[PDB]
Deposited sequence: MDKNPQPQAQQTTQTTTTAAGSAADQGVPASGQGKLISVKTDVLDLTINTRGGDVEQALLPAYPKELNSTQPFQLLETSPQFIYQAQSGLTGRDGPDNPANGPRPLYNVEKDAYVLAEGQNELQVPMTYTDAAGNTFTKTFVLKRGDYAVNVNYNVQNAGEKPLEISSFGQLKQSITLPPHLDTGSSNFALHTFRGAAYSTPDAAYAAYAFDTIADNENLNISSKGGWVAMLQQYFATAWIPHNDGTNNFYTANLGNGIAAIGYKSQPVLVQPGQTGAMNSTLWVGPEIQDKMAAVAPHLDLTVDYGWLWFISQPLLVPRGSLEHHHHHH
């Protein structure tokens, strides 16, 4: 039972679940829902017939988002609604959770004006006797079937060794999944004109994976290498979420070597039905 908070700027309307801090819906006010609509375009969404979420949290031995340590952390929040105020160029949305040992975990969303790159920052204060072992993760998950409603989509990533790469949702659904290591890099879900991406900011070697979550859900994500938070200290785990138009210039400012060019070419080609006519 985690409430839903509203987080608004000029370009994004996010709903964030307070149990785990997953982004459950993202609307884009600069883009109409369809031709002639009042409504903004819906990228991330949570509904009975379609889900598309940017999930994140702290896993590893001592991470609270690790199911073995119990249910996802219920964060406390100041308000239910945050809105970029006039004259202000940045919005901060901090949420705090306190462990059953006084360990404090602060997850903070940082939005900037006109900016589709949302910073997602943790601070972990260890108030106990042993080091806390923690991996952060970013997952993007999506229903394979759109709502029947009665133009292609896929997963991508890049690493220092992988200039372009792409997984069709079919492949993921076939249990043929990515499982690799990447220092830096990024993972994304693509559609036409719009993209979602997680870009970790750390010094380690991430695990980049795709996953069949079953019942029609595909996923791509990263799990950053485990870090120790000493009894002394407060640790920080940072990543950036792109949630917006597929503007390469803007994305590449946040992820160097962002080039989707060859990914789109593959996904465009692969999603077109085959017809070989009989001779005549």
Stretches of deposited sequence not represented by any CA atom are 1-32, 183-192, 323-330
